[PDB]
């Protein structure tokens, strides 16, 4: 659909990924090759590129004809391509060390990228997937609005769910947006650029699907008091007493609003919710739609 061909920009992106000399990179959805021409020009060790659409191959291969052995083009679907088997076991560096010599770079349709960052976020929770090499970093691409929420801060206008879901597992710099006018063809949206480094110590240590559930119910009624959406974690019968103990033990003023909660206010609540989940087995599958 909408492609990025401006060398000034494709360069700026690969610059904002970090030093890439003799590194290994996985570019998702290379497309016409703008991003990957620039990647190739950062003297990398090898660039693996996975692309769903066969017709971008002739052109992508002209780029590899220009840098032989540097570019490995793989005909694959990003949402199912198992990158963990894609590079040498040699590059696995431990989680407390520095990020491995492995980087992800992507400019995919927002249709694909948004779900991807979700399945990749829990991949970081579990330290599997692309993160078997351990705290591998990512440079990807979202509609300016979505880029904003990912990096939004406690109290910001656009502090939403992916604020919490991304920041508790990662350091999340949203380092610049670019105008839709820069794209062939220009969409009626601006485009934003976010970098992720997986956090050594995550800001919350509970199963991903737990704080996925917890953060959801908070941001449910986004400008009301937090307790009014929270309380829906609990079936009608227990709901009053339960919500009390939860806010009590977690130490949260219920007048607080979802956008005002510290990334640690969340750690607080989930620890308490995990406790009362393990004290009541039939509680974590409760959802009000019933």
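Positions refer to the first chain, counted from 1.
Legend entry - Candidate residues 128, 89, 145, 212, the one whose C-alpha B factor the record puts highest: Of the options given, 145 has the highest CA B-factor in the PDB entry.
Legend entry - Selection by C-alpha B-factor (highest) of 31, 254, 258, 69: When the deposited C-alpha B-factors of 31, 254, 258, 69 are compared, 254 is largest.
Inset, instruction - Taking the values exactly as deposited, rank residue 191 by C-alpha B-factor within its chain and report the matching third: lowest, middle or highest. - result: Ranked within chain, residue 191 CA B lands in the highest tercile.
Inset, instruction - Classify residue 4 as lowest, middle or highest third according to the C-alpha B-factor given in the PDB entry, relative to its own chain. - result: Within its chain, residue 4 is a lowest-third residue by C-alpha B-factor, going by the deposited values.
Inset, instruction - Ordered by C-alpha B-factor within the chain, which third holds residue 244? Give me lowest, middle or highest, please. - result: According to the entry, residue 244 has a C-alpha B-factor in the chain's middle third.
Legend entry - Cα B factor band for residue 272 (lowest, middle or highest third within the chain): Bottom third by C-alpha B-factor.
Inset, instruction - Could you look up the Cα B-factor of residue 179 in the entry and say which third of the chain it sits in: lowest, middle or highest? - result: According to the entry, residue 179 has a C-alpha B-factor in the chain's middle third.
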